[PDB]
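So basically every Cβ, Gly included, is an ideal-geometry build from the backbone, and we count neighbours across all protein chains shown. Every read-out reported here was derived from the displayed coordinates using simple, explicitly stated rules and does not represent laboratory data.
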Amino acid sequence: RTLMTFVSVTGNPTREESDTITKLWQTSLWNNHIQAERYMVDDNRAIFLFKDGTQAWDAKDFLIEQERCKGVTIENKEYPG
């Protein structure tokens, strides 16, 4: 039931910055009952692995409205922030 997605950060953050920023979004989602595992794969990009893939797009809708969110990728479709 899990769905892998990509979540990118704008500008040119350091890995530690993006880590703190994306974890912020991950926590917000977690506290709204959308649980995901998070993995940095670039200095400005993370994998959000949603335990319940049916929540991926609702999560995306929130993510792309956040300051510093470059965009979200789901199933080869990109959603710019």
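Per-structure values
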quantity: Radius ratio Rg over Rh of the chain, counting only Cα atoms, Kirkwood formula for Rh; calculated: 0.92
quantity: Computed FRET value (nearest 0.05) for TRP30 with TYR79, which takes r as the C-beta separation and R₀ as 25 Å; calculated: 0.75
quantity: Cut-off of 10 Å, at most 13 other beta carbons, DSSP loop: longest stretch of the chain lacking such trypsin sites (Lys or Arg not before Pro); calculated: 2-50
quantity: DSSP loop GluC sites (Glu not before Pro) with at most 16 other Cβ within 10 Å excluded, longest remaining stretch of the chain; calculated: 1-64
quantity: Value of relative contact order over the chain, rounded to a whole percent, pairs C-alpha under 8 Å and six or more apart; calculated: 38 percent
quantity: Value of [θ]222 nm, deg cm²/dmol, for the chain, DSSP H segments ≥ 4, -39500 (n - 2.57) each, nearest 500; calculated: -9000 deg cm²/dmol
